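As provided, data_34.pdb (PDB, C-alpha atoms (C1' of nucleotides)) reads as follows.
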```
ATOM      1  CA  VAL A   2      28.128  18.080  -9.759
ATOM      2  CA  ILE A   3      25.404  17.534  -7.153
ATOM      3  CA  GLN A   4      21.795  16.873  -8.155
ATOM      4  CA  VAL A   5      19.194  17.656  -5.485
ATOM      5  CA  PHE A   6      15.694  16.175  -5.610
ATOM      6  CA  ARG A   7      12.524  16.609  -3.544
ATOM      7  CA  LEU A   8      10.281  13.764  -4.680
ATOM      8  CA  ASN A   9       6.562  13.561  -3.921
ATOM      9  CA  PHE A  10       4.426  10.473  -4.504
ATOM     10  CA  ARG A  11       0.639  10.338  -4.845
ATOM     11  CA  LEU A  12       0.276   6.836  -3.470
ATOM     12  CA  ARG A  13      -3.006   5.010  -3.907
ATOM     13  CA  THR A  14      -4.763   4.315  -0.587
ATOM     14  CA  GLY A  15      -2.199   3.919   2.207
ATOM     15  CA  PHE A  16       1.121   2.275   2.996
ATOM     16  CA  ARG A  17       2.616   0.358   5.917
ATOM     17  CA  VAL A  18       6.234  -0.051   7.044
ATOM     18  CA  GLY A  19       6.274  -2.175  10.190
ATOM     19  CA  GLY A  20       8.976  -2.896  12.723
ATOM     20  CA  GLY A  21       9.344  -4.948  15.889
ATOM     21  CA  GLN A  22       5.550  -5.413  16.159
ATOM     22  CA  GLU A  23       6.035  -6.355  19.837
ATOM     23  CA  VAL A  24       5.350 -10.005  20.718
ATOM     24  CA  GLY A  25       2.212 -12.096  21.015
ATOM     25  CA  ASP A  26       1.519 -11.763  17.255
ATOM     26  CA  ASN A  27      -2.199 -10.787  16.956
ATOM     27  CA  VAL A  28      -2.175  -7.422  15.191
ATOM     28  CA  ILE A  29       0.568  -6.070  12.942
ATOM     29  CA  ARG A  30       2.096  -2.868  14.306
ATOM     30  CA  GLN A  31       3.554  -0.205  12.043
ATOM     31  CA  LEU A  32       6.802   1.222  13.375
ATOM     32  CA  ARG A  33       6.501   4.244  15.656
ATOM     33  CA  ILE A  34       8.857   7.054  16.679
ATOM     34  CA  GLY A  35       7.797   8.154  20.157
ATOM     35  CA  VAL A  36       7.731  11.875  19.374
ATOM     36  CA  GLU A  37       7.478  12.371  15.609
ATOM     37  CA  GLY A  38       4.884   9.599  15.411
ATOM     38  CA  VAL A  39       5.479   7.518  12.285
ATOM     39  CA  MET A  40       8.009   7.609   9.466
ATOM     40  CA  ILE A  41       9.518   5.613   6.613
ATOM     41  CA  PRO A  42      13.161   4.691   7.329
ATOM     42  CA  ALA A  43      15.746   5.899   4.844
ATOM     43  CA  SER A  44      17.025   2.331   4.501
ATOM     44  CA  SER A  45      13.656   1.220   3.120
ATOM     45  CA  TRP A  46      13.733   4.094   0.628
ATOM     46  CA  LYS A  47      17.238   3.101  -0.448
ATOM     47  CA  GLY A  48      16.206  -0.527  -0.860
ATOM     48  CA  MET A  49      13.186   0.374  -2.974
ATOM     49  CA  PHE A  50      15.268   2.716  -5.123
ATOM     50  CA  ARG A  51      17.945   0.054  -5.583
ATOM     51  CA  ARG A  52      15.278  -2.425  -6.671
ATOM     52  CA  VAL A  53      13.817   0.061  -9.155
ATOM     53  CA  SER A  54      17.246   0.948 -10.543
ATOM     54  CA  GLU A  55      18.143  -2.732 -10.903
ATOM     55  CA  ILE A  56      14.904  -3.280 -12.814
ATOM     56  CA  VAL A  57      15.666  -0.292 -15.046
ATOM     57  CA  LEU A  58      19.252  -1.273 -15.839
ATOM     58  CA  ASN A  59      18.521  -4.981 -16.424
ATOM     59  CA  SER A  60      22.226  -5.794 -16.215
ATOM     60  CA  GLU A  61      23.083  -9.490 -16.216
ATOM     61  CA  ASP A  62      26.390  -8.698 -14.511
ATOM     62  CA  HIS A  63      24.559  -7.174 -11.542
ATOM     63  CA  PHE A  64      22.220 -10.173 -11.316
ATOM     64  CA  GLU A  65      24.952 -12.668 -10.374
ATOM     65  CA  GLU A  66      26.599 -10.403  -7.758
ATOM     66  CA  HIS A  67      29.129  -9.498 -10.470
ATOM     67  CA  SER A  68      30.692 -12.938  -9.957
ATOM     68  CA  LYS A  69      30.365 -14.758 -13.277
ATOM     69  CA  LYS A  70      33.684 -14.195 -15.087
ATOM     70  CA  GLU A  71      37.393 -14.149 -14.296
ATOM     71  CA  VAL A  72      39.002 -10.715 -14.621
ATOM     72  CA  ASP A  73      42.568 -10.816 -15.910
ATOM     73  CA  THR A  74      45.130  -9.303 -13.556
ATOM     74  CA  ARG A  75      46.602  -7.437 -16.532
ATOM     75  CA  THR A  76      43.297  -5.590 -16.948
ATOM     76  CA  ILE A  77      43.293  -4.830 -13.218
ATOM     77  CA  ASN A  78      46.799  -3.381 -13.479
ATOM     78  CA  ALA A  79      45.816  -1.361 -16.551
ATOM     79  CA  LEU A  80      42.832   0.152 -14.744
ATOM     80  CA  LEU A  81      44.933   0.791 -11.634
ATOM     81  CA  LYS A  82      47.549   2.659 -13.665
ATOM     82  CA  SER A  83      44.819   4.430 -15.663
ATOM     83  CA  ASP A  84      42.354   5.446 -12.918
ATOM     84  CA  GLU A  85      43.760   7.513 -10.068
ATOM     85  CA  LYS A  86      40.604   7.346  -7.954
ATOM     86  CA  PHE A  87      40.318   3.580  -8.401
ATOM     87  CA  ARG A  88      43.957   3.198  -7.386
ATOM     88  CA  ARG A  89      43.301   5.364  -4.332
ATOM     89  CA  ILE A  90      40.292   3.229  -3.395
ATOM     90  CA  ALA A  91      42.290   0.020  -3.752
ATOM     91  CA  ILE A  92      45.189   1.399  -1.709
ATOM     92  CA  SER A  93      42.853   2.650   1.020
ATOM     93  CA  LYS A  94      41.166  -0.746   1.202
ATOM     94  CA  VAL A  95      43.760  -3.495   0.750
ATOM     95  CA  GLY A  96      46.684  -1.501   2.128
ATOM     96  CA  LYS A  97      49.465   0.716   0.818
ATOM     97  CA  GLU A  98      52.113  -1.970   1.337
ATOM     98  CA  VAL A  99      50.154  -4.553  -0.665
ATOM     99  CA  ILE A 100      49.591  -2.279  -3.681
ATOM    100  CA  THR A 101      52.464   0.023  -4.627
ATOM    101  CA  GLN A 102      52.173   3.142  -6.786
ATOM    102  CA  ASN A 103      52.963   1.149  -9.945
ATOM    103  CA  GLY A 104      52.385  -2.599  -9.848
ATOM    104  CA  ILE A 105      50.382  -5.186  -7.968
ATOM    105  CA  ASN A 106      53.139  -6.861  -5.870
ATOM    106  CA  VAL A 107      52.116 -10.420  -6.709
ATOM    107  CA  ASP A 108      54.531 -11.854  -4.134
ATOM    108  CA  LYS A 109      52.672 -10.197  -1.246
ATOM    109  CA  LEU A 110      49.282 -11.024  -2.777
ATOM    110  CA  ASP A 111      47.275 -14.052  -1.686
ATOM    111  CA  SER A 112      43.867 -15.596  -2.376
ATOM    112  CA  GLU A 113      41.642 -13.295  -0.322
ATOM    113  CA  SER A 114      43.374 -10.081  -1.408
ATOM    114  CA  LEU A 115      43.031 -11.146  -5.044
ATOM    115  CA  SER A 116      39.346 -11.934  -4.500
ATOM    116  CA  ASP A 117      38.829  -8.528  -2.884
ATOM    117  CA  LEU A 118      40.533  -6.793  -5.805
ATOM    118  CA  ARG A 119      38.426  -8.703  -8.338
ATOM    119  CA  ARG A 120      35.221  -7.876  -6.456
ATOM    120  CA  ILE A 121      36.221  -4.209  -6.244
ATOM    121  CA  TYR A 122      36.869  -4.158  -9.991
ATOM    122  CA  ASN A 123      33.538  -5.817 -10.779
ATOM    123  CA  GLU A 124      31.533  -3.535  -8.495
ATOM    124  CA  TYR A 125      33.327  -0.375  -9.631
ATOM    125  CA  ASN A 126      32.455  -1.405 -13.203
TER     126      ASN A 126
ATOM    127  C1'   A B   1      52.891  26.417  22.412
ATOM    128  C1'   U B   2      50.170  19.976  26.830
ATOM    129  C1'   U B   3      55.720  14.117  26.251
ATOM    130  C1'   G B   4      52.319  15.357  21.006
ATOM    131  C1'   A B   5      50.714  15.188  16.330
ATOM    132  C1'   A B   6      46.460  13.391  12.659
ATOM    133  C1'   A B   7      42.975  10.485  11.437
ATOM    134  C1'   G B   8      34.096  10.619  10.439
ATOM    135  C1'   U B   9      33.293   4.059  13.804
ATOM    136  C1'   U B  10      32.597   4.689   8.657
ATOM    137  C1'   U B  11      31.031   2.004   5.131
ATOM    138  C1'   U B  12      27.010  -2.056   2.768
ATOM    139  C1'   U B  13      21.665  -4.765   3.719
ATOM    140  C1'   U B  14      13.684  -2.422   1.594
ATOM    141  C1'   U B  15      10.778  -5.600   8.247
ATOM    142  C1'   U B  16       9.440  -8.810   3.484
ATOM    143  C1'   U B  17       6.256 -13.339   2.321
ATOM    144  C1'   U B  18       1.763 -16.663   3.446
ATOM    145  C1'   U B  19      -4.477 -15.008   4.796
ATOM    146  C1'   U B  20     -11.564 -12.916   0.801
ATOM    147  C1'   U B  21     -14.452 -10.624   8.146
ATOM    148  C1'   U B  22     -16.456 -15.461   6.100
ATOM    149  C1'   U B  23     -21.164 -19.384   6.721
ATOM    150  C1'   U B  24     -26.011 -19.659   8.341
ATOM    151  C1'   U B  25     -31.182 -15.704   9.053
ATOM    152  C1'   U B  26     -38.286 -15.391   3.740
ATOM    153  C1'   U B  27     -40.011  -7.839   7.567
ATOM    154  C1'   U B  28     -44.387 -12.084   8.458
ATOM    155  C1'   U B  29     -48.753 -13.496  12.041
ATOM    156  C1'   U B  30     -53.829 -11.800  12.388
ATOM    157  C1'   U B  31     -58.489  -7.982  10.341
ATOM    158  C1'   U B  32     -65.117  -9.389   5.012
ATOM    159  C1'   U B  33     -64.687  -1.807   2.534
ATOM    160  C1'   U B  34     -69.909  -2.423   5.523
ATOM    161  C1'   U B  35     -74.027   0.405   7.487
ATOM    162  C1'   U B  36     -78.685   3.022   7.684
ATOM    163  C1'   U B  37     -81.882   5.458   2.104
ATOM    164  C1'   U B  38     -88.970   2.593  -1.727
ATOM    165  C1'   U B  39     -86.317   5.979  -8.456
ATOM    166  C1'   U B  40     -90.815   8.800  -5.286
ATOM    167  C1'   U B  41     -94.722  13.146  -6.007
ATOM    168  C1'   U B  42     -97.699  16.396  -9.479
ATOM    169  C1'   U B  43    -100.970  15.337 -14.962
ATOM    170  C1'   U B  44    -109.027  13.021 -16.661
ATOM    171  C1'   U B  45    -106.443  10.193 -24.148
ATOM    172  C1'   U B  46    -108.320  13.993 -25.043
ATOM    173  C1'   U B  47    -112.676  19.592 -28.527
ATOM    174  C1'   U B  48    -115.576  23.600 -33.211
TER     175        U B  48
END
```
Could you show the structure in this file as structure tokens?
Amino acid sequence: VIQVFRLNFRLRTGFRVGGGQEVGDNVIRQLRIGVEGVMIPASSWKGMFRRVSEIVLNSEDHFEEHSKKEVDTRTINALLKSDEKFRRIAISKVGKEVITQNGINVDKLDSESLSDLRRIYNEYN
RNA sequence: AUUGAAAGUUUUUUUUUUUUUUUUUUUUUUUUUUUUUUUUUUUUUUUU
């Protein structure tokens, strides 16, 4: 399912999204385009929306970069064997040889691969 | 029917924070509301 939105905002007074602002300090220059004039970059929109969503959710897990607890490898294996898309993501990232169809291949695993898998689990959750 | 092929240069990151166009600056200094004009003229304290 795809949800499409066309949001409009009745901002009080004005806004300003600068960039570069040349050198020599003095005035503050809002970012230009050259042809279209001025715009708000999509990255700024995404950052503002992420901030608002983080405020809304108020998740303690998200506050500490999802690095506050140790995730058991058994749980990781259970999710991997239970979620096909998660398994596909893990295989596409850490490598097909490292992660087989069924199992984690602990012998080939090392510190950084394990950390990557734990971070992927935390962020996917 | 190319020696021969099939892969998105992709994900991810808010150009943001610090700063009161502020202090000082009395719409006042001068100019007599005076100036020419008689409250005046007419009338018997009185008759059969």
So that each row is one residue of chain B with an atom at most 9 Å from chain A, can you give its shortest atom pair and the distance in Å to one decimal, using only C-alpha atoms (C1' of nucleotides), rows by chain and rising number, as a Markdown table?
```
| residue | atom | partner | partner_atom | distance |
| --- | --- | --- | --- | --- |
| B:13 | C1' | A:48 | CA | 8.3 |
| B:14 | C1' | A:45 | CA | 3.9 |
| B:15 | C1' | A:20 | CA | 5.5 |
```
Report task. Would you translate the PyMOL selection byres ((chain A and resi 117-123) around 9) into the concrete set of residues it matches in this file, as a ChimeraX atom specification? Result -> /A:62,66-68,71-74,77,80,87,90-91,95,112-116,124-126
Query raised in the report: So what do you get for atom CA of residue A:58 versus atom CA of residue A:4, distance-wise?
Result: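 Taking atom CA of residue A:58 as the start and atom CA of residue A:4 as the end point, the length is 19.9 Å.
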**Report entry** Between atom CA of residue A:102 and atom CA of residue A:81, distance in Å (one decimal)
**Finding:**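 Computed distance, atom CA of residue A:102 to atom CA of residue A:81, equals 9.0 Å.
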Query raised in the report: For the atom pair atom CA of residue A:109 and atom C1' of residue B:12, what is the interatomic distance in Å to one decimal place?
Result: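 These atoms are spaced 27.2 Å apart.
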